[PDB]
Amino acid sequence: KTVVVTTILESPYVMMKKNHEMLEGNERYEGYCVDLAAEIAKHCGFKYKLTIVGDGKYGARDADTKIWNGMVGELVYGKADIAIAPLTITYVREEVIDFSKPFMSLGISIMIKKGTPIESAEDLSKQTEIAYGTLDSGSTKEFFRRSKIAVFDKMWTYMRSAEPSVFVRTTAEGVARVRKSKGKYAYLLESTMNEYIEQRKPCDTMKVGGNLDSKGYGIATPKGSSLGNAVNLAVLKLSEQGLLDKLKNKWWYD
Amino acid sequence: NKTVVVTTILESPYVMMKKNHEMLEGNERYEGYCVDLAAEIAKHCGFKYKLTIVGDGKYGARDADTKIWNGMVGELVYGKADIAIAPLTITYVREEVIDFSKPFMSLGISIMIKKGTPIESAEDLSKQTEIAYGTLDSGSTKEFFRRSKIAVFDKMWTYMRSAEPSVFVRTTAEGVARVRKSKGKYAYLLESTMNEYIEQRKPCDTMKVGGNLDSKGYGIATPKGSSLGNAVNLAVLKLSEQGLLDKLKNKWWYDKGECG
Ligand SMILES: C[C@@H]1N(C)c2ccc(Cl)cc2S(=O)(=O)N1C
Ligand SMILES: C[C@@H]1N(C)c2ccc(Cl)cc2S(=O)(=O)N1C
Ligand SMILES: N[C@@H](CCC(=O)O)C(=O)O
Ligand SMILES: N[C@@H](CCC(=O)O)C(=O)O
């Protein structure tokens, strides 16, 4: 009767507390999604255990084996009962799992070293001095692979063959490359993470131009889960009480 | 298979009467964002449909006494329509009685003023009484202020609910006209989508001030347990990821803007 929640280490959604080595269970973690999980469980009235996804991935279907990895796979293959994390609502995912109404908005955004002469995605697709890449096994990478839009298709064709790999396993990994590469690398990531980094030291990164798309994160359940309805209503309630806004302010507090 | 009844509402630029509507019939009488959206959705889910303007011209609220739903929500609840394709706001009380797809457009509650009006925030409105302000009836915006426990919004509700004469309007157009005619003495609380649209229409004498008071979206609504729900939801996501929804908003908001 304990609900297994799958989630992922991603600041400021889920982070390890200081001195977590002597802590146990859910008390090991803090962040936006940790608070969110507590509020949902309170409303739906269930006990839950937070577990970090084994592979540290969000969820992608390996075209070769047609096997889902990451948090999506955990739901699909019955390892978890619910995903509470910055998991992007997409078409391919909605085909295999259920999403609640979005609890937070985001768009794919460009992260440049401050001062970098880039103002748009067109600018990136018209230069080769500055490199660019995305996170592996995520919705951002799938966006460019699938985009039949002019600029985005060009950006993808460069990215898929880039040597060495412009793709990273973690968001933190992509952050460093923008910083190290002296303005020769632009990271493609979601505006939420981008806006978060923009506020943190050494404050040398910059969100540039508008978002490339418009979407949201949603709480995910296995298809035909009895938990789905109550969770969706919980999210809506929290939104209308303004609690989602206060959580955003709290963890993106400058 | 049967012709699907679509309930919707005459709200610019979502559903508008074509210039030659009087010599047109069926769905051909109408044009707008939601009309194009309905065509796209129907094509993917492979159904034929008939657009129907909701009888009472309301979005949907539940009578406190009779517990009866009006507007487009009522149409779905009592089985008069199979689907709603309109700027219908996703809310908690509505999700309890009908289903919504994932949102196809984002909005927040915003403030409309006549240009030059000394108001830059909702707190500015709550602090004064010289400038009156209100909302649309039978809609999600009015329910927001009625239900809010946030001090400034509750202060605004306490004012609005007892204001004389009534600061509430029956249509968006009535609300816009009231802003334009009141010489800066009326501000209108409406959804950012509507606000931004009007901002681009002649006489170009209004504007949106401050940030949005909340964050939500419009969704395609179906009766609970409808078999159309899944296909429609998937269709909305597909159109979103193809960039179709962004192109539709550009077409109806800014591609024909009249204020430069
Ligand atoms: C179709 C649908 N769209 C457009 C939007 C729009 C805004 C937000 Cl905050 C979330 C979503 S989503 O993730 O529910 N999905 C992609
Ligand atoms: C909870 C949920 N929230 C926060 C949001 C946020 C952004 C958009 Cl575009 C739509 C919605 S909604 O209408 O699906 N609903 C109110
Ligand atoms: N939120 C994304 C991961 C972040 C990214 O791909 O940039 C997902 O759900 O796949
Ligand atoms: N979109 C609102 C109506 C407009 C408003 O209330 O401002 C609704 O669905 O109730």
# chains A, B, ... in the order shown; residues from 1 in each chain; ligands from 1
$ interface_residues --of "chain A" --to "chain B" --cutoff "7 Å" --atoms "only C-alpha atoms" --output "list in words"
residues 90, 91, 101, 233, 236 and 237 of chain A
$ write_last_selection --atoms "N, CA, C and O atoms" --output "short mmCIF file (atom, residue, chain, number, x, y, z; two decimals), in the first residue's frame"
data_model
loop_
_atom_site.label_atom_id
_atom_site.label_comp_id
_atom_site.auth_asym_id
_atom_site.auth_seq_id
_atom_site.Cartn_x
_atom_site.Cartn_y
_atom_site.Cartn_z
N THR A 90 4.71 14.69 -23.85
CA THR A 90 4.91 14.54 -25.29
C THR A 90 3.94 13.53 -25.90
O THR A 90 3.29 12.77 -25.18
N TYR A 91 3.87 13.51 -27.23
CA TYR A 91 2.96 12.63 -27.95
C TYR A 91 3.32 11.15 -27.78
O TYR A 91 2.46 10.34 -27.42
N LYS A 101 -2.66 17.13 -15.91
CA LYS A 101 -2.54 18.46 -16.48
C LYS A 101 -1.19 19.01 -16.06
O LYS A 101 -0.71 18.70 -14.97
N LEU A 233 -6.69 15.85 -10.32
CA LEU A 233 -7.51 16.77 -9.55
C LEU A 233 -6.70 17.49 -8.49
O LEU A 233 -6.96 18.65 -8.17
N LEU A 236 -4.65 20.33 -10.17
CA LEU A 236 -5.54 21.44 -10.47
C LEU A 236 -5.88 22.23 -9.21
O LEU A 236 -5.92 23.46 -9.24
N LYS A 237 -6.12 21.52 -8.12
CA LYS A 237 -6.43 22.16 -6.84
C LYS A 237 -5.26 23.01 -6.36
O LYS A 237 -5.44 24.14 -5.92
#
$ residues_around --residues "region 38-42 of chain A" --least-positions-apart "5" --cutoff "10 Å" --atoms "only C-alpha atoms" --output "list in words"
residues 3, 26, 33, 47, 48, 84, 230, 231, 232, 233, 234, 235, 237, 238 and 243 of chain A
$ closest_atom_pairs --of "region 22-111 of chain B" --to "region 252-259 of chain B" --cutoff "12 Å" --atoms "only C-alpha atoms" --output "CSV"
residue,atom,partner,partner_atom,distance
B:31,CA,B:252,CA,10.1
B:32,CA,B:252,CA,7.0
B:33,CA,B:252,CA,6.3
B:34,CA,B:252,CA,10.1
B:35,CA,B:252,CA,11.2
B:36,CA,B:252,CA,10.2
B:37,CA,B:252,CA,11.7
$ select_by_dssp --residues "region 1-55 of chain A" --states "helix (DSSP H, G or I)" --output "list in words"
residues 20, 21, 22, 25, 26, 27, 28, 32, 33, 34, 35, 36, 37, 38, 39, 40, 41, 42, 43 and 44 of chain A
$ write_last_selection --atoms "C-alpha atoms" --output "short mmCIF file (atom, residue, chain, number, x, y, z; two decimals), in the first residue's frame"
data_model
loop_
_atom_site.label_atom_id
_atom_site.label_comp_id
_atom_site.auth_asym_id
_atom_site.auth_seq_id
_atom_site.Cartn_x
_atom_site.Cartn_y
_atom_site.Cartn_z
CA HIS A 20 22.19 13.06 3.46
CA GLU A 21 24.66 10.25 4.13
CA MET A 22 23.24 9.90 7.65
CA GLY A 25 14.10 7.38 3.05
CA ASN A 26 12.33 10.47 1.73
CA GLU A 27 14.20 12.69 4.19
CA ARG A 28 17.30 12.29 2.02
CA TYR A 32 10.40 21.43 -5.93
CA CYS A 33 9.31 17.88 -6.80
CA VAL A 34 9.91 16.67 -3.24
CA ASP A 35 7.50 19.32 -1.95
CA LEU A 36 5.09 18.60 -4.78
CA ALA A 37 5.04 14.86 -4.02
CA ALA A 38 4.20 15.65 -0.40
CA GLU A 39 1.28 17.89 -1.36
CA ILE A 40 -0.19 15.37 -3.81
CA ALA A 41 0.14 12.45 -1.39
CA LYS A 42 -1.59 14.57 1.25
CA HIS A 43 -4.55 15.22 -1.06
CA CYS A 44 -4.84 11.73 -2.54
#
$ residues_around --residues "residue 142 (chain A)" --least-positions-apart "5" --cutoff "10 Å" --atoms "only C-alpha atoms" --output "PyMOL selection string"
chain A and resi 60+90+92+134-137+147+156
$ write_last_selection --atoms "C-alpha atoms" --output "PDB file, in the first residue's frame"
ATOM      1  CA  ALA A  60      13.312   7.377 -24.441  1.00  0.00           C
ATOM      2  CA  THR A  90       4.908  14.542 -25.292  1.00  0.00           C
ATOM      3  CA  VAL A  92       5.023   9.421 -27.942  1.00  0.00           C
ATOM      4  CA  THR A 134      21.246  18.634 -26.038  1.00  0.00           C
ATOM      5  CA  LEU A 135      20.593  16.128 -23.265  1.00  0.00           C
ATOM      6  CA  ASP A 136      20.511  12.435 -24.152  1.00  0.00           C
ATOM      7  CA  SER A 137      17.339  10.359 -23.874  1.00  0.00           C
ATOM      8  CA  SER A 147      11.176  18.797 -36.303  1.00  0.00           C
ATOM      9  CA  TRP A 156      19.583  18.554 -35.939  1.00  0.00           C
TER      10      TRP A 156
END
